[PDB]
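Protein sequences, first through last, are from chains H, G, F, J, I, B, A, C, E and D.
The first sequence maps to residues 15 to 34, 39 to 118 in the entry's author numbering.
The second sequence maps to residues 15 to 34, 39 to 118 in the entry's author numbering.
The third sequence maps to residues 15 to 34, 39 to 118 in the entry's author numbering.
The fourth sequence maps to residues 15 to 34, 39 to 118 in the entry's author numbering.
The fifth sequence maps to residues 15 to 34, 39 to 118 in the entry's author numbering.
The sixth sequence maps to residues 15 to 34, 39 to 118 in the entry's author numbering.
The seventh sequence maps to residues 15 to 34, 39 to 118 in the entry's author numbering.
The eighth sequence maps to residues 15 to 34, 39 to 118 in the entry's author numbering.
The ninth sequence maps to residues 15 to 34, 39 to 118 in the entry's author numbering.
The tenth sequence maps to residues 15 to 34, 39 to 118 in the entry's author numbering.
Don't be surprised by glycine CBs; every beta carbon is placed ideally from N, CA and C.
In what follows, a single structure is set out as C-alpha cells and then discussed.
Number of protein chains: 10
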Amino acid sequence: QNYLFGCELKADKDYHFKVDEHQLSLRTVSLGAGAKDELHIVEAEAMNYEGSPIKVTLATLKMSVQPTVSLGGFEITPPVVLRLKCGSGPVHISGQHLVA
Amino acid sequence: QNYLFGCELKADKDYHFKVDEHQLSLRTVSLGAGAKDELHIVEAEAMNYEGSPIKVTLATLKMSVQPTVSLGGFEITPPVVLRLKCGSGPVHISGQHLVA
Amino acid sequence: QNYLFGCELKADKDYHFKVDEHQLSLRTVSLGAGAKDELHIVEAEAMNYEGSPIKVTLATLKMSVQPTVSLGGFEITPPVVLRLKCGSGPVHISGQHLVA
Amino acid sequence: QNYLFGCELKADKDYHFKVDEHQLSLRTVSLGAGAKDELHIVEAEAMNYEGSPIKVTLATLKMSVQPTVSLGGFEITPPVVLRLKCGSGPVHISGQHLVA
Amino acid sequence: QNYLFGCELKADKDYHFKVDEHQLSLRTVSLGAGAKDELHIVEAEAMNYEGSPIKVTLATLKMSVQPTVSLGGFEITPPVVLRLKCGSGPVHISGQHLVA
Amino acid sequence: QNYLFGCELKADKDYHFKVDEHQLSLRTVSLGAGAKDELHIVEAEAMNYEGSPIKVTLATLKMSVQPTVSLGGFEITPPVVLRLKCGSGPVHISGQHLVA
Amino acid sequence: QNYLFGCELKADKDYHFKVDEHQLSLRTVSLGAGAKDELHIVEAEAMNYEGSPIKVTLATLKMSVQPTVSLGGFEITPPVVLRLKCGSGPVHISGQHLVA
Amino acid sequence: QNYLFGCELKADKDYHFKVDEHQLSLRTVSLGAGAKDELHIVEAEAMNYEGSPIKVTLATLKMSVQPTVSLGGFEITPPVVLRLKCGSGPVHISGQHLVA
Amino acid sequence: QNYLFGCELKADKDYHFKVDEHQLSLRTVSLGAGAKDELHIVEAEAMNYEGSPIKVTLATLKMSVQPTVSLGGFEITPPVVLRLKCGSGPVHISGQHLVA
Amino acid sequence: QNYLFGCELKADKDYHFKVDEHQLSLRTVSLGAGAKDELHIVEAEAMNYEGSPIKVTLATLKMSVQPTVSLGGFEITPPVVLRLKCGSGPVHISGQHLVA
C-alpha cells in the first residue's frame, strides 16, 4: 500500500523521515520557484549494509540546465534524512510512502 | 487493467481525480504548445500515511530547458488533485488509470 | 512475451495500433534527423474508464533542447492511436508489443 | 539471472547481440569522448510480432544537448542488431544480459 | 532486503563493490561541487554472461549540459567496479544494496 | 562634448530624449535584474529624411539567451523616444549625450 | 547629417533603399516577436567596385541563440536592397541615413 | 594619447577614476574565473549634461550565457565610479585612458 | 570611396583579395544556411609590418553557439587571403571595398 | 599605415609585442580548434597613466558559450604583453599594427 510523500529542502535544515514494516520510494527532485541558478546537490541519509549510516547523492541540479531529476522509484528503508549538500534551495522532493 | 488518463492544467484549475482498487499512475508532465517560457511547477495533493493531505511537487518545467519530465509510473491513491503551483500554463499530464 | 515496436509520425499521418491479451508499451520518443528545430508534441488517443476515448500528451520535444524523451514503459491497451499534435517530425517511437 | 552487457558503435559498424529463454535489457545510451557534436540517432533491429524485422529508434542524441538517453530496462528478444542510423559515433550502450 | 549505496569516484580512483544472492542496483550518476565543466564518462566493471569481465559505460555527463543521469535501478551482479573513463569529477553515484 | 546618459524602460515607463549641435549616442541595451525571461524588443522613434517620424527596433533581448546588446555608438538626433515595443522590462540603456 | 532608418523584413519582401553624397549605415539586425526559431539570414545588395551588383550576407540570426546582431555602422552607398535570403522573419534592421 | 586602463570589481569594492583633457574609454566587461553564475549588472556613475551625477548600466552578464560584453570604446569623462549594481563578481573592466 | 564586398568559403573555395589607395574593411563573418554544427575558423593572410605575411584568426564560429561575429570594420591592405582554417562551410564574409 | 597582427596564446607562455608613433589595435579574440570547453581569460599588459605596467582582462571565453569576442579596435601603446590568465588554449588574437 502507498501514500503520497513530499518535502521541501531549505539550506541548513535536514528533513527527517522516520516512522513511529515500512519503505520509502523517491520519485522526482525539483528546484523551487525562488531557488538561485546555482548548483544544487541533494543528499540522502540512511544506513548501509554494514550497519552504519551514510550520505548519498541523489541529484545535482541547476535551474538553467536541469531543474528536475526523476529517480524512478528510489526506495530507502527508514529512517532517512534528506538535505541539500550545497545550494540555497528550496528543492522539492516527492515520491511515496510504501506501507505494511 | 489500465486506461489512458490525461489532464491539461493551467492557472486557476485544479484537476480533481476522484473515483466512486483504483490507482492513478502518472507518466509525463509536458508543457503545452502555448506555454510562455516561464517556470512551471506542477504539484499533486493527496493523503499521506497519517491521513492528512500533503501538497507535493511532481516537477519543475521550463520550455527552453526542459519541456517534459518523465515520472516513470508514479502511483497515487485517489482522490488526488493536480495543479500548477505557479505558471500561466498550460501543462499536460499523461498516465494510466489502474483498476481493481 | 515481447516484440520490438516502433513507428514514425509526421505532421499528418496518424499511426493506428490495433490487433485481433495484447499490450503496447512505449519506450522512447525521439526526433528524426529531418525534423526542424520547432516544438513537437506527440499525443496518444485511447480508451478511458468511461469507455470513451481520450487524447493524452506523451511528450513535448524540441531538437535544440530535448530531442529525446523516455517513458520507461508507458503501457496502453489497444487500440491506440499515435499522432503529432503539433510539429511535423519525422518523430520516432520505440517500444514493445506485449502479448497474451 | 543477469550479467553486464555493453557494446560500442560508430558510423558503419553494426553490433550483433545473439546467443545460440533469453533477453537483452538496454539501459543507457551515451556519446563517448571522441564524438563530434553532430546528431546521433541510435537504432535497433529485431523481430516484430508479424514476424518480419523492424528498425526502431532508441535515441536521438547530441553531445551539446543530450549526451545521454536512458531507456531504463528496454527489453528486446534476441537476436538483435544495434547501429547508428547516422552519426560518426562512438556511442556507448550499456545494459543487461538476462537469462532463463 | 535493501540497503542504501553510495560511491564517489575521482579521476584515477576506483570504487570496489563486493561481498562475502547479493545484487547491486544503481540509481543516479551525477557531478559534484568541484568537477570542471569538462566531459565525463562513467564506466562499470562487473562480469558478463560467459565469465569474462566487461567494462561498460553507465553514462556521459557534462556540468553545463547534463549534470545528472538517472539509470533507474540498473542491477549489476557483484563483485563490481565503478570508475571514470574520462573526466576527473568528483562524480557521485547513488543506488541500492539488494540482499538475499 | 561628451556626457554620460542612461535610462530605464518598463512598458509602464518611457523615455523622451529632448533638447529644449547635439547628439544622442547609444551604447548598450541591457536587461535589468528583475526582468522576466520574456522577449524584449527595445524601440526608438525619431525622424527619417522625408520628415515623418519612424519607429525602429534597436534590439531583441532574452535574459537566458542574450541579456546585453552593444550598439557601440548608435547616434540619434533629438527628439527621439526610446521605449519597450514588448516585454515589461526593465531594460537599461546607456550611452552618451554629445554636444556641439 | 544623420536621420533614423528602420525597416521590417519578411520572406518575399525586398526592401529598397533609394536616394532620388548620401550613405546608408546599418546598425542592428534583430528578429521580430513573431519570428519562429528557424535560422535566419539577412542579405544586402549594392554594386561592387567592378560595377556588377553583389549579394552579401549581413547576419545569420536564430531566436534561441542570437536574436540581435551589431554591424556597428556598416556603411553602404545607395542604391541598396536588403532582403531575407533565408527564414520567415520578421527581421528588423536599424541604422542611420547619412547626408552631405 | 592613451595608456592602458583596467580594474577588478566585487560587491565589496568600487573603483574611482578621477584625475587632476582627460578621457576614460571603456572596452570589455568580463566575469572572473571566480564569479558565480549569478546575474551581474555593472554600472558607471559620472555627470550628465544637466551636470548632476547619474548611475548608468554598462552591462548585464551571466557566466553561462554571456561572460563578456564589448562596449567598443565607450568614452566617459572623469571622475567616474564603476561598481557592481548586482552580483558579486569579480568582474573585470578593461579599456583606455586618454589624455589631452 | 566604398563598395560592397562579400565572400563565401568551404575547404576548397578560398578567397584572395588582390588588386592592380585601396583598402578592405571586413564587417561580418557568418555561417551559411546549410553548413554543419561543427566548429568553424576563418583566417586571413596578409603582410605584417615587416613585409612577411602572417596568418590571423578572424573568428571562431559554431551555429548553435554563435553563428555570427561582427568584426566592426577590420581594415586590411590588399593583397589579403581569406580561408576556412577548419569547419565545413559555407561561411559568408561581408565588409567593404574602400578606395583611395 | 597599418599591418595585420596575429598571435596564438598557450598556458604559461607570454607573447611579447614591441616594435624597435607605433600603436597596437586589437580586433578579435578567438578560441583555438583544440581548446578545452574550459573557461579562458585573456590578459594584456602595458603602462597606465602613472608609470607602472598593469594587467588587464580583454575577454573571458568559453567554447560552448562564447568562442569569439570582438574588441573592435582596442589600441594599446606598445610594448605590450599578451598572456592567458587561465586556459589551455590555443587562444588566437587578431588586430592591426598601426605605424607612424
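- Taking a beta-carbon distance threshold of 8 Å, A118/B does not count as an interface residue toward chain C.
- The contact set of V83/F on chain J, defined by CB atoms closer than 8 Å, consists of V83 in chain order.
- DSSP places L100/D inside the beta strand (DSSP E), whose first and last residues are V98 to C104.
- Measuring C-alpha to C-alpha distances from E63/H to each of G52/H, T95/H and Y17/H identifies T95/H as the nearest.
- For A25/G, the CB contacts under 7 Å within the same chain, skipping 5 residues up- and downstream, are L102, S106 and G107 in chain order.
- DSSP places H110/A in the strand class (E or B) of the three-state scheme.
- Counting only Cβ-Cβ distances below 7 Å, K54/F has contacts in chain A at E56, in chain order.
- The Cβ neighbour count for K80/H, taken over all protein chains shown within 10 Å, is at least 16; the residue is labelled buried.
- Within chain E, no residue has its CB atom less than 7 Å from the CB of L23/A, the nearest being about 16 Å off.
- A contact between stretches requires three or more CB pairs, one per stretch, nearer than 8 Å, and the segment 82-93 of chain D meets this requirement with the segment 44-56 of chain D.
- If you compare the alpha carbons of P71/G, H110/G and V74/G with that of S88/G, the shortest gap goes to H110/G.
- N66/D has no beta-bridge partner at all, per DSSP.
- The three-state reading of DSSP puts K32/J in coil, since its state is none of H, G, I, E or B.
- The alpha-carbon separation between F92/E and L100/G amounts to approximately 58 Å.
- Residue environment analysis places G69/F among the exposed positions, since fewer than 16 neighbouring C-beta atoms fall within 10 angstroms of its C-beta.
- According to DSSP, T86/G shares a beta bridge with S48/G.
- Rounded to whole angstroms, the separation of the alpha carbons of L44/H and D55/I is 28 Å.
- Shown here for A77/D: same chain residues with a beta carbon closer than 6 Å to its own, the five before and five after excluded, namely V47, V60 and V87 in chain order.
- Residue pairing by DSSP places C21/J opposite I111/J in a beta bridge.
- Taking 8 Å as the cut-off, the Cβ atoms of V98/G and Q15/G do not count as close.
- Per the C-alpha coordinates, the member of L42/A, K27/A and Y29/A positioned closest to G90/A is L42/A.
- One alpha carbon belongs to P71/D, the other to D28/D, and they sit about 15 Å apart.
- Residue nearest to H58/A within the set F31/A, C21/A and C104/A is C104/A (criterion: CA-CA distance).
- Our two residues, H115/B and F31/D, have alpha carbons roughly 36 Å apart in a direct line.
- Annotation: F31/C has no Cβ neighbours in chain B at a cutoff of 7 Å; minimum Cβ distance is about 12 Å.
- Per DSSP, reduced to three states, the secondary structure at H58/D is strand.
- Excluding five sequence positions before and after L23/G, the CB atoms of its chain that fall closer than 8 Å to its own CB belong to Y29, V60, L100, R101, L102, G107, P108, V109, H110 and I111, given in chain order.
- Here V74/F is buried: its Cβ has 16 or more other Cβ atoms, across all protein chains shown, within 10 Å.
- In its own chain, leaving out the 5 sequence neighbours on each side, no residue places its CB closer than 7 Å to the CB of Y67/D.
- The beta-carbon of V74/I is placed less than 8 Å from the nearest beta-carbon of chain J.
- Within the model, the alpha-carbon separation for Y17/E versus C21/J is close to 58 Å.
- Counted as a single uninterrupted DSSP element, the beta strand (DSSP E) harbouring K73/I occupies residues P71 to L79.
- Checking the DSSP bridge columns, you'll see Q41/I partnered with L116/I.
- Rounded to whole angstroms, the gap between the alpha carbons of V33/F and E39/H is 43 Å.
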